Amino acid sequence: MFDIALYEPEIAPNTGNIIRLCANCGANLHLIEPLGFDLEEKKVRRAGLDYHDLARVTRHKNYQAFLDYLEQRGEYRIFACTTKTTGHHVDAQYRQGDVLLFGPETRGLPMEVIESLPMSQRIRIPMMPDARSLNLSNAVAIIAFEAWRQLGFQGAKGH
């Protein structure tokens, strides 16, 4: 129903956490190369997963490959998840086909990518005043579960 996309993810445990999370809320996961890690079976199993958990995972050679993929697939909206905007994750009206795009742990999303999208499709999780940024998988968790809430948790156990 909606997808999650990591731009050049750097830290493996984060991507592990985000794979569990996508299974939990039923999102597909997009990893835009280059990655700071391999999905080697031995590291994947050490973190309590296996090859079947990596079915929702699609790799792309670069950002433009990722855009070409979405166009040739169906209707979509990209949301740029960044500290560098004024609009909250709760003020966006989410819908089937949306893509939540997240920046790398260190540099964050490139200015060009964020600027390619209108204000309405840029979203910041509120933070205490003396705070620089959330851990990547925490940001994905928060924004993913706000989108899912707005979609009435379509497809959840007992719901």
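Numbers for residues come from their place in the sequence shown, where the first is 1.
The question of which stretch, 55-63 or 119-127, has the higher mean Cα B factor is settled in favour of 55-63. In this entry, the higher average B-factor at the C-alpha atoms falls on 69-77, of the pair 69-77 and 82-90.
Per the deposited coordinates, the residue with the largest Cα temperature factor out of 100, 39, 109, 32 is 39. Remark: residue 7 belongs to the lowest third of its chain, ranked by C-alpha B-factor as recorded.
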